[PDB]
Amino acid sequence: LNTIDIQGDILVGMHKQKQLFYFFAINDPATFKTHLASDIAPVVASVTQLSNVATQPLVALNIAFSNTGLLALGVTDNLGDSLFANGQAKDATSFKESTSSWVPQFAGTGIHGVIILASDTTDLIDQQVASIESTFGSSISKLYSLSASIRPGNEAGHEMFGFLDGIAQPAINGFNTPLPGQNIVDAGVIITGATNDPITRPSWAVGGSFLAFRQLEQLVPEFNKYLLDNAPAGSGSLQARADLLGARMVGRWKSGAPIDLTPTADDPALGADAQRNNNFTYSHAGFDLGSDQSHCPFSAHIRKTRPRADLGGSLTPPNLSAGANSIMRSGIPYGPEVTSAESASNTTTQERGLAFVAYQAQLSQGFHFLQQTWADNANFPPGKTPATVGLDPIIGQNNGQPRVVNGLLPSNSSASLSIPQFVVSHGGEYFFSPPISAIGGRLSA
């Protein structure tokens, strides 16, 4: 790997308090290219730079292009990815959703790219945006944007449902020092043209990655109310038992504690411990892997998206199964905190959610595969008893309607729940984040 030439959000994440997703079209390739080379390319933050606190810019900038943006730039080379080429709108029906609920700018292929601006204040971001718009002039056009932020206080690093996020990533072999239980993968799973990437890419694409962007609204008061209404009977407060159900749905407690290691009560100390909070496989000493949902439901979100021992491999950490289906996640929450009024009425009045960002070298193996073949598949994971696992309670989709999810109730692993959508996709796009040398190189030529 040459982490000098790889955009930082791909392998490191921007790790700033604020981010802006600036979605643009290219009006005029010729003028746009000039300013791409002079104004954008030299300030794109790399993995190497973001990997050291002393070399992190006040504004971390990354930029990615859609198939039609690349077309607008006169670049027609085959990036080796049909899903990217066709755009996410065309792919929506693969996830049993429709472009009906999408931001209208996303329901098409008019968006040519996205600029990711990140800084610890919104002030610095808007300065950089004002400069970009000034210098590019009418060669660029803003079609849509989404402002996002780290949540405040003790919810920093947690997503809108309140769960600590950004714990689990694939370790890239030869680059990351793997953590206990962490999967270890070839660089080519995430970085196009890198080690063991079987797909031929254009020359200017080596060091890049596909960026799956999803604007995912979360119905937080509704979720909270559902958990309280369905809290399993037992010891502790109603909220504690409600939290237990929530944790069974995610596969982690709000603290980050993986339920597979903490199956009856939260242990917040575990969530804060990078050396132990991923050290599991779903295998347990005296339990049948195929039928035991006492530690973690077969349908739990993280078990659906990283099956670990459910797809074979070592029963002791680290489990190394399904390395090719790993994704890097750089998502960040958007929208305001939940208000008292919303909580009292258990009803959302304004949009908040996750600005979901997934990187992978193959869309068909990454985001698209986890959503369609695993999360939305009522019979995944395979070989379980009962065999009908049901859907991912967090992201599983059923054309807008309630999702049948099994195994969630600790007192009865055959008990089914009919769970309304908590996450409402408003769509997004598939982009390609090029290596930095390509931005001021071929893409500006």
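The first residue of the sequence shown is number 1, and the count goes up from there.
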357-365 versus 282-290 - which carries the larger mean C-alpha B factor in the record: 282-290
Taking the deposited Cα B-factors and averaging over 162-170 and over 123-131, the higher mean is found in 123-131
Highest CA temperature factor in the entry: which of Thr305, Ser145, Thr76, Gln88? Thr76
Per the PDB entry, which option out of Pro336, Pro333, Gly251, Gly181 has the greatest Cα B factor? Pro336
Check where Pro393 lands among this chain's C-alpha B-factors and tell me if it's the lowest, middle or highest third. lowest
If you rank every modelled residue in this chain by C-alpha B factor, which third holds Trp102: lowest, middle or highest? middle
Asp376: CA B-factor among chain residues, third -> middle
Looking at the temperature factor on the CA atom of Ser340, which third of the chain's modelled residues does it land in? highest
Quick check on the deposited entry: does the C-alpha B-factor of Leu408 sit in the lowest, middle or highest third of its chain? lowest
